[PDB]
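For neighbour counting, all protein chains shown are included, and Cβ atoms are generated from backbone atoms with ideal geometry for every residue, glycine included. Values quoted throughout were computed directly from the atomic coordinates according to the rules given, and no laboratory measurement underlies them.
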Amino acid sequence: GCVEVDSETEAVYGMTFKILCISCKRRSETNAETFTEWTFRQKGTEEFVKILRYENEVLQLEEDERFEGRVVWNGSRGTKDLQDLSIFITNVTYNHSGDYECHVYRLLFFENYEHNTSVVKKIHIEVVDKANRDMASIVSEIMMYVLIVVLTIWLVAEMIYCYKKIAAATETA
Amino acid sequence: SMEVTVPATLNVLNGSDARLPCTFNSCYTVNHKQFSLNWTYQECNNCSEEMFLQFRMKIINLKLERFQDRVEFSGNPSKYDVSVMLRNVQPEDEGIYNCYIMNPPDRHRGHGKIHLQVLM
Amino acid sequence: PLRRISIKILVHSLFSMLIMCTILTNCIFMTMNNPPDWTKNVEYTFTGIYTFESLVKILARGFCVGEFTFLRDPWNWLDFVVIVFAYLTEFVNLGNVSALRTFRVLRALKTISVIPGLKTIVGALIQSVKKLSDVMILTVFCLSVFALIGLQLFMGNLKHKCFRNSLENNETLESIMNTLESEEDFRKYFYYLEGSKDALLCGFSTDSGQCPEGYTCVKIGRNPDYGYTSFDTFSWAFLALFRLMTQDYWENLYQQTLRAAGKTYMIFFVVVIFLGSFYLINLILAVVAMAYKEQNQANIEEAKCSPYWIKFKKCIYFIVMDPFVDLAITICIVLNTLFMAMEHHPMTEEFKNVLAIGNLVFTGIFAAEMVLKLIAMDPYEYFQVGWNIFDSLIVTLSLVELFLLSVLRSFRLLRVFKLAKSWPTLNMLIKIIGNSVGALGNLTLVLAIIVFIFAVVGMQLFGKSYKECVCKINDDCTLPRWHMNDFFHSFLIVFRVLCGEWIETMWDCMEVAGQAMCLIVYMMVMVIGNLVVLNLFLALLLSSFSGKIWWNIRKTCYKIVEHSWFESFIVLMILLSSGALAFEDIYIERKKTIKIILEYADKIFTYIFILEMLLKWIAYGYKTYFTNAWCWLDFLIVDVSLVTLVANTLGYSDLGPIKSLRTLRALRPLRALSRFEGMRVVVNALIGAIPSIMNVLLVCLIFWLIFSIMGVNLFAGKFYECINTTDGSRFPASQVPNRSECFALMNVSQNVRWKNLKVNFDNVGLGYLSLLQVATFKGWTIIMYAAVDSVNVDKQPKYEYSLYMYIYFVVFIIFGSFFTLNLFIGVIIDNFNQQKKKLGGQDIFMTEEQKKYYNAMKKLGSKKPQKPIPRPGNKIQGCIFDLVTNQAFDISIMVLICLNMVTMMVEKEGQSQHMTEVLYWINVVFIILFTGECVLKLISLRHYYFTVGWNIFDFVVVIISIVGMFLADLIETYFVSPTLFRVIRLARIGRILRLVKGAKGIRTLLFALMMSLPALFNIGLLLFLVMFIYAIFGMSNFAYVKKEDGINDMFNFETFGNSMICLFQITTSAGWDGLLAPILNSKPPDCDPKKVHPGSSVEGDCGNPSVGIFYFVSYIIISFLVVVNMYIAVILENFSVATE
Ligand SMILES: *[C@@H]1O[C@H](CO)[C@@H](O[C@@H]2O[C@H](CO)[C@@H](O)[C@H](O)[C@H]2NC(C)=O)[C@H](O)[C@H]1NC(C)=O
Ligand SMILES: *[C@@H]1O[C@H](CO)[C@@H](O[C@@H]2O[C@H](CO)[C@@H](O)[C@H](O)[C@H]2NC(C)=O)[C@H](O)[C@H]1NC(C)=O
Ligand SMILES: NC(=O)OC[C@@H]1N=C(N)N2CCC(O)(O)[C@@]23N=C(N)N[C@@H]13
Ligand SMILES: *[C@@H]1O[C@H](CO)[C@@H](O)[C@H](O)[C@H]1NC(C)=O
Ligand SMILES: *[C@@H]1O[C@H](CO)[C@@H](O)[C@H](O)[C@H]1NC(C)=O
Ligand SMILES: *[C@@H]1O[C@H](CO)[C@@H](O)[C@H](O)[C@H]1NC(C)=O
Ligand SMILES: *[C@@H]1O[C@H](CO)[C@@H](O)[C@H](O)[C@H]1NC(C)=O
Ligand SMILES: *[C@@H]1O[C@H](CO)[C@@H](O)[C@H](O)[C@H]1NC(C)=O
Ligand SMILES: *[C@@H]1O[C@H](CO)[C@@H](O)[C@H](O)[C@H]1NC(C)=O
Ligand SMILES: *[C@@H]1O[C@H](CO)[C@@H](O)[C@H](O)[C@H]1NC(C)=O
């Protein structure tokens, strides 16, 4: 079922990027209605200007130029109880860099209890010119090779020592 | 079926107090809103019934003119008890006394019938 | 003179028969349940016959001598009781007629006296019970210790409920509780999981949980199950544990506590089920079986025109043609059954007719041979043979079908047995059935008599209550499916209890009939009823049973493979390789870093294994390498991994296979089997028995097929019903009687669905699955309700229309499960016996090293006397030694421990402070006295004290006990964390364990358990590996299935920890039916094929019906095979210890 996964923090310039904000209800069985707000403050500047609001099925987008155009909803569709809210940007630009805060509003319907809750997920992304390979990927690949080389060296090493001994035994008798 | 225990005939001296004792028994635990008890009197076998006391949330004594203020409730229903007391019995009190008990959730309605006879 | 006449009357052929005939008739009358008024006179006559029968015996035997002859026999005491009782009732009697009347059932017991040889069987049964005295003591003690551990660890836990956070009008949790008492009222306030009887159980820890947001967890109110399921009091805890031991609906207790308690406590259940249930039950079987052999064997040892007909008639006899004509017919019979196997709910009109045409030909051929058969040997000669008469009845039935209960028609399939004569194993099954009504007929008859008495007794005692109460038990105000109101129904409940299904029904009886009465009756049926069933099973089973530089290189590689570091290094890789498997699952997306290393890590593993395999080829060569079973397994695994790696590097991946192939990885732990010596030994034993198992399976399959075919004709296509989708409640049938009517409702109504069961009798293959559930008793009841309810193929089912179809299930259970299981168990244990004989009479469940150790444990059995010790010279030292040495002093300590044990029992939930303080203080005195005893033994004994093993255990217990009290105290001062504290107190239970030292009988049994630990460990290791492979297959395959029944948050296949919890639960095959059900549904509207699943790539939550069925079924069978193995190990050791 639903799992919470943190969004990627580096977006290549001039390429599409997807921001992931996923919020999971404590109990899957319960049914509630959700809506979301994403506010972004550009790097080097204080505060957040709400950029988009998604309620019902239609997505409302603020008129600011930084994000004018370039945004599409990648969230749960037709559910009306979103669970997963994600924003996808086409044609990523430097202007799209900084801190992103996404707040979720959920109406939970219980037997005689109606509960309104707020959870805040904030995503911070920095634009870079060229995709940078993750350090974990690089360390592991280099690390894996060393093991492959060391083991083989060890295996070959025994044979030179073991084999010579075996050859020696035949001659003695 | 509600279990009802009453004396079929109750003989009481004129001027004494007559406790009309009936036992109602059914499964479950009695509920105040749920438990309802009704008592009616008849001068004779074929005679019209006159309700004189009810339990609906609490005891309601209808204060029928024929009894003056001589009727009292005399039972703790939670105990399956719904007895009534007729103080200072008079000859005109002779007749048939009916106890009807309907107890939710029990669908069945209990009925006890006492023939009260007044001595001399 | 009169005495002679009476005496003459007393011993007569007819009189015994006359007394007996009336009694059987009397039994039919008890079954009335509201007999007419006219029947009362008949009641008087029965009273008359007994007095007359009773009077003569007393008149002749007594000689007016005090009835010395008459009352000397024990059975006669029973008759006197019955006569007075019938008579006493007319006389002034006690208030409860039903309680008093129940005695009349005693007359049924008289039947035991009248039938010849029955008296002997009952006596035989009582003798067996005597042997069970030691096991009973241990069982009570064992249940008692667990009850104490359970109570301390889980008391008050079942209470948790989710209480909502915001309350209007300044209400308080305390204020709310007293004022309201209604399910509707309660629901508004606490969570309640969509129609469950009670509130959802919540938990404090991260592992357990969880309550929806806006609801908080607090503990208040009654425990679930009417308050019956709770760990609050010792008595209640004892009932909960007893249920676990007999494994009745044990899965729910397990699921419920884990949820409130948290998953970490799953450990408690593993130890209890593994030691408490599998082991304790086995001990009972061994003792009953062992006891039966001595008595059975001991008793056995003491004994030791006209002329034309003849011409034509002679020709017919030549026509018997045993070499070919007789043989030819059997091929025909096998073919016929196969023909019958083809049926389905939906059958085309042309196909339906073809089946009819085909049947007639077969019916005709069987009759012609019979008519033809008659001419050749003559009628008298013809009916001489039993099979012939058997064949004749079937043929006659078919002829009648054409013109003159069509079900009987379905009956010709039995004919299939005829093959029994040719088959060695089938002959055995035929033999087993015969023994029950043959030599063992008297014993089997007793079972029938006992079931009858209980059904009637239950009916008399609780029949009235169920009707009046109904509501306490049912929301609707109508009788539940299982009730004690009628004899057939009362009988069904008793039969259910024979299978271990007692708890579900008992809660119902208790609500209506009260705790004291319901508990006593059910407990007796279970203990007494089961003992008879156990005796029949065991009795039946036992009786039935009896340059050339290349050469140097080749030599060297051989050196490398043989070397220990390499063998050792390879094993480490296997464990490590297997472990990486556990990490993958739904949560892998999170923790992206671990995912990257694991992906890379596998490549190094693939290279190492491929490298290792090459060394194997050079060292062994191809011929040696491929003639080994293990290597093929090993060679095959590397290949699957190798193909994925080559395909993966290349790209061109994810196109089904190879992608399906990736799922095959779960097989990686499989190479581990060869490496471990312990695991391999167990596997060798199973391979030895597969051929033997195969033979029994064939008989089971053929036998089950007849039941399955029979079932298909009766219920095929009749399980459909129109149900309200919101609550899944079938419509009344007053409206929407047929399928056609149901559809009209849908057109004008949104949520009404016409739907099938999912496990049913639509086709022969499905019938096999339905039968499997009934055989195991899991998921069986849903099916039975469907069968009885059913009316016709396209018609809505009426409630309990068939009612007598229950009989079909009862017959299958007796034949399908009781007999085959008898056969399955008999062959497997025997095969194991042959294996033991072959390998020099040595246990086949232990590695060679284990064998040396097993012998050392055997040495502990010896009683050679240890040195007495010398009193120290000092008198002061000596008197203490003198006092300590005395046996009387030791008995006092034993009494003291028992006193200590009773103190623990008094503890209960919400006891109060004054109560709590006294218990704490009494406990301190106990610690001081016990510590005091230890010091005293030490002063006198000195170095000698340390010599005894028991003294050391006693000394260790004291150290643990003082520390436990102090640490709890330090913890209280330090504070923070209640949970560490409860576990700390568990130390006191240590003193109770010392009781074992005192009882000689219990110790022998305990010693036996210790002896089998080495064998049990190997099986446990093998079992764990199989469970592990399955968990991995499950994680990939079943995560994402829609959550329905048995699958919910927790107890789901989403992660490895979760998968393990489920697999352990199903090992006992409990709830296996529930888990399988979500997997079965495929396609709308059962499920959505493409579902978003936020945070993951995968789409849809549809179980694979084919893959799911193979997986659950295979697991059930495999676990069962290993468990059969566990019983064999316990029995072998038990015979040896008892034998010594
Ligand atoms: C199927 O069952 C549902 C669930 O009870 C029924 O829905 C109820 O209908 C009545 C009257 O239409 C409403 O007052 C209740 O509120 C409904 N329950 C809820 C909670 O929705 C429904 O009537 C049934 N379907 C049909 C066609 O009868
Ligand atoms: C299936 O059930 C329906 C419903 O009763 C039967 O069709 C008719 O039902 C209507 C009510 O709408 C009655 O007026 C008719 O009398 C019913 N049929 C007849 C001939 O009386 C129908 O017969 C049932 N059987 C089917 C359709 O196979
Ligand atoms: N309904 C059914 O199959 O009846 C048998 C019994 N009763 C239940 N309510 N169960 C819950 C699930 C289950 O497996 O069906 C079962 N769990 C066990 N141990 N036996 C089953
Ligand atoms: C990028 O930012 C600059 C200044 O912050 C602004 O003038 C420009 O319009 C932005 N780009 C777009 C496409 O709006
Ligand atoms: C996210 O938006 C892109 C824009 O085209 C769309 O193609 C993609 O399918 C969306 N995500 C999903 C639900 O696959
Ligand atoms: C990105 O924006 C530029 C304008 O600066 C536009 O020409 C280009 O088409 C955009 N990229 C894509 C993939 O459309
Ligand atoms: C709760 O619901 C109300 C609707 O009455 C809405 O105005 C409010 O914003 C919600 N609360 C939150 C925290 O969004
Ligand atoms: C009140 O008494 C009458 C007798 O006339 C009876 O019919 C009725 O059921 C009683 N009311 C209730 C609520 O039981
Ligand atoms: C608590 O209950 C009292 C009733 O005595 C009420 O007057 C008061 O308003 C309640 N408190 C709150 C915070 O509502
Ligand atoms: C609903 O019944 C109406 C009759 O008014 C019919 O026209 C319609 O086709 C039916 N619905 C379906 C899905 O067949």
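Per-residue answers, yes or no, for (1) away from every other protein chain (no Cβ under 14 Å); (2) more than 16 Å from ligand 2 (Cβ to nearest atom); (3) basic (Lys, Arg); (4) surrounded by fewer than 20 Cβ atoms within 10 Å (Cβ to Cβ):
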site	(1), (2), (3), (4)
C:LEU772	yes, yes, no, no
C:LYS778	yes, yes, yes, no
C:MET784	yes, yes, no, yes
C:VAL793	yes, no, no, yes
C:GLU800	yes, yes, no, yes
C:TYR804	yes, yes, no, yes
C:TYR808	yes, yes, no, no
C:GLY816	yes, yes, no, no
C:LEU821	yes, yes, no, yes
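Name every residue in the stretch B:22-48 that is under 15 Å from the mean Cα position of the chain (by Cα), part of a loop (DSSP other than H, G, I, E, B) and farther than 23 Å from B:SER1 by Cα, in order of residue number.
B:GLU43
What helices (runs of 4 or more DSSP H), lying completely within the stretch C:283-398, carry at least 2 residues that are small (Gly, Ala, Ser)?
C:349-377
Just the residues that are part of a strand (DSSP E or B), of a type outside the set (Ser, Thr, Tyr) and surrounded by fewer than 14 Cβ atoms within 10 Å (Cβ to Cβ), please, taken from the stretch B:1-18.
B:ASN11
Could you please find all residues in the stretch B:57-106 being of a type in the set (S, T, N, Q), more than 22 Å from B:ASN46 (Cα to Cα) and part of a strand (DSSP E or B)?
The one that is of a type in the set (S, T, N, Q), more than 22 Å from B:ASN46 (Cα to Cα) and part of a strand (DSSP E or B): B:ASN61.
Only residues that are part of a loop (DSSP other than H, G, I, E, B) and more than 9 Å from chain C (Cβ to nearest Cβ): list them for the stretch A:116-154, please.
Across the stretch A:116-154, the qualifying residues are A:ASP129, A:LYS130, A:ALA131, A:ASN132, A:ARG133.
What is the residue count in the stretch C:191-213 for residues that are over 20 Å from C:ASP727 (Cα atoms) and more than 9 Å from every other protein chain (Cβ to nearest Cβ)?
Of the residues in the stretch C:191-213, 8 are over 20 Å from C:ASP727 (Cα atoms) and more than 9 Å from every other protein chain (Cβ to nearest Cβ).
Among residues belonging to the stretch C:214-249 that are within 14 Å of chain A (Cβ to nearest Cβ) and at negative phi, point out the one that is surrounded by the most Cβ atoms within 10 Å (Cβ to Cβ).
So, considering only residues that are within 14 Å of chain A (Cβ to nearest Cβ) and at negative phi, the one surrounded by the most Cβ atoms within 10 Å (Cβ to Cβ) is C:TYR215.
Which residues, counting only those in the stretch A:47-68, are within 16 Å of ligand 4 (Cβ to nearest atom) and basic (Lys, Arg)?
Within the stretch A:47-68, A:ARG66 is the sole residue that qualifies.
I want to confirm something. Restricting to the stretch A:27-49 and keeping residues that are under 24 Å from C:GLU213 (Cβ atoms) and exposed (fewer than 15 other Cβ atoms within 10 Å of the Cβ), which single residue is farthest from the other protein chains (Cβ to nearest Cβ)?
Looking at the filtered set, the residue picked out is A:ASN31.
What are the residues in the stretch A:1-55 that are out of contact with any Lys or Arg (no Cβ under 6 Å at 6 or more places or on another chain), aliphatic (A, V, I, L, M) and outside any strand (DSSP E or B), if any?
If the condition is that a residue be out of contact with any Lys or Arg (no Cβ under 6 Å at 6 or more places or on another chain), aliphatic (A, V, I, L, M) and outside any strand (DSSP E or B), then A:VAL3, A:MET15 are the ones that fit.
Could you pull out every one of the helices (runs of 4 or more DSSP H) wholly within the stretch C:67-174 that has 2 or more residues that are under 29 Å from C:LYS57 (Cβ atoms) and within 42 Å of the chain's Cα centre (by Cα)?
The qualifying helices (runs of 4 or more DSSP H) are C:74-90, C:97-101, C:106-114, C:118-131.
Determine which single condition C:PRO1078 fails, assuming it passes every other condition in (1) crowded, with 20+ Cβ neighbours inside 10 Å; (2) more than 14 Å from chain A (Cβ to nearest Cβ); (3) outside any loop (DSSP other than H, G, I, E, B).
Going through (1) crowded, with 20+ Cβ neighbours inside 10 Å; (2) more than 14 Å from chain A (Cβ to nearest Cβ); (3) outside any loop (DSSP other than H, G, I, E, B) one by one, C:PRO1078 breaks only (2).
Taking the condition within 14 Å of chain C (Cβ to nearest Cβ) and at negative phi, does B:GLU65 pass?
no
Can you run down the residue pairs with Cβ atoms below 8 Å, 6 or more apart or on separate chains, where the first is in the stretch C:25-53 and part of a loop (DSSP other than H, G, I, E, B) and the partner is among the aliphatic types (A, V, I, L, M)?
Between residues of the stretch C:25-53 that are part of a loop (DSSP other than H, G, I, E, B) and residues that are among the aliphatic types (A, V, I, L, M), the close pairs are C:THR31/C:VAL456; C:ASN33/C:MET459.
Which of (1) touching a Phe, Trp or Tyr at 6+ places or on another chain (Cβ under 7 Å); (2) away from ligand 6 (no atom under 16 Å from the Cβ); (3) not in a strand (DSSP E or B) does A:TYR94 not meet, given it meets every other one?
(2) is the only condition that A:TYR94 fails.
Scan the stretch A:95-115 for residues that are at the interface with another protein chain (Cβ under 9 Å from one of its Cβ atoms) and either buried (at least 18 other Cβ atoms within 10 Å of the Cβ) or more than 9 Å from ligand 7 (Cβ to nearest atom) (or both) and jot them down.
Selection gives A:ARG106, A:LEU108, A:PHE110, A:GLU111, A:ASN112, A:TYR113, A:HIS115.
Can you tell me which residues in the stretch C:600-616 are more than 8 Å from chain A (Cβ to nearest Cβ) and in contact with a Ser or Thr (Cβ under 6 Å, 6 or more places away or on another chain)?
Residues satisfying the conditions are C:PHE605, C:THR606.
Restricting to the stretch C:572-587, count the residues that are surrounded by 15 or more Cβ atoms within 10 Å (Cβ to Cβ) and either within 9 Å of another protein chain (Cβ to nearest Cβ) or over 20 Å from C:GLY1034 (Cα atoms) (or both).
Result for the stretch C:572-587: 4.
Residues of the stretch A:72-94 being surrounded by fewer than 17 Cβ atoms within 10 Å (Cβ to Cβ) and either within 16 Å of ligand 1 (Cβ to nearest atom) or within 17 Å of A:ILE125 (Cβ to Cβ) (or both), which ones?
Answer for the stretch A:72-94, where residues must be surrounded by fewer than 17 Cβ atoms within 10 Å (Cβ to Cβ) and either within 16 Å of ligand 1 (Cβ to nearest atom) or within 17 Å of A:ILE125 (Cβ to Cβ) (or both): A:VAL72, A:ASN74, A:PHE88, A:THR90, A:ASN91, A:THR93, A:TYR94.
For C:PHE809, state whether it is outside any loop (DSSP other than H, G, I, E, B), within 30 Å of C:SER1136 (Cα to Cα) and of a type in the set (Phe, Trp, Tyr).
In short, no.
Among the residues of the stretch C:722-739, is there at least one that is within 16 Å of ligand 1 (Cβ to nearest atom), surrounded by 20 or more Cβ atoms within 10 Å (Cβ to Cβ) and within 21 Å of C:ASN1081 (Cα to Cα)?
Scanning the stretch C:722-739 turns up at least one residue that is within 16 Å of ligand 1 (Cβ to nearest atom), surrounded by 20 or more Cβ atoms within 10 Å (Cβ to Cβ) and within 21 Å of C:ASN1081 (Cα to Cα).
Collect the residues in the stretch B:86-104 that are polar (S, T, N, Q) and under 23 Å from C:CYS469 (Cβ atoms), keeping them in residue-number order.
Within the stretch B:86-104, just B:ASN103 meets the criteria.
For A:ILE142, work out the one condition from (1) away from ligand 6 (no atom under 16 Å from the Cβ); (2) among the aliphatic types (A, V, I, L, M); (3) surrounded by 14 or more Cβ atoms within 10 Å (Cβ to Cβ) it doesn't fulfil.
Evaluating A:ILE142 over (1) away from ligand 6 (no atom under 16 Å from the Cβ); (2) among the aliphatic types (A, V, I, L, M); (3) surrounded by 14 or more Cβ atoms within 10 Å (Cβ to Cβ) leaves (3) as the failure.
Between a first residue in the stretch C:1037-1051 that is within 17 Å of C:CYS202 (Cα to Cα) and at the interface with another protein chain (Cβ under 10 Å from one of its Cβ atoms) and a second residue that is part of a loop (DSSP other than H, G, I, E, B) and not aliphatic (A, V, I, L, M), which pairs have beta carbons less than 8 Å apart while being 6 or more apart in sequence or on different chains?
C:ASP1049/A:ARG27; C:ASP1049/A:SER28; C:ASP1049/C:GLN210; C:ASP1049/C:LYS1043
C:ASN252 fails exactly one of the following numbered conditions: (1) more than 13 Å from chain A (Cβ to nearest Cβ); (2) farther than 29 Å from C:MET904 by Cα. What is the number of that condition?
Failing condition for C:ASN252: (2).
Can you pull out every residue in the stretch C:466-503 that is of a type in the set (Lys, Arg) and more than 11 Å from chain B (Cβ to nearest Cβ)?
C:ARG481, C:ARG496
Quick one: C:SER564 ticks every box in (1) more than 10 Å from chain A (Cβ to nearest Cβ); (2) buried (at least 16 other Cβ atoms within 10 Å of the Cβ) bar one, so which box is it?
Only one criterion in (1) more than 10 Å from chain A (Cβ to nearest Cβ); (2) buried (at least 16 other Cβ atoms within 10 Å of the Cβ) is unmet by C:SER564, namely (2).
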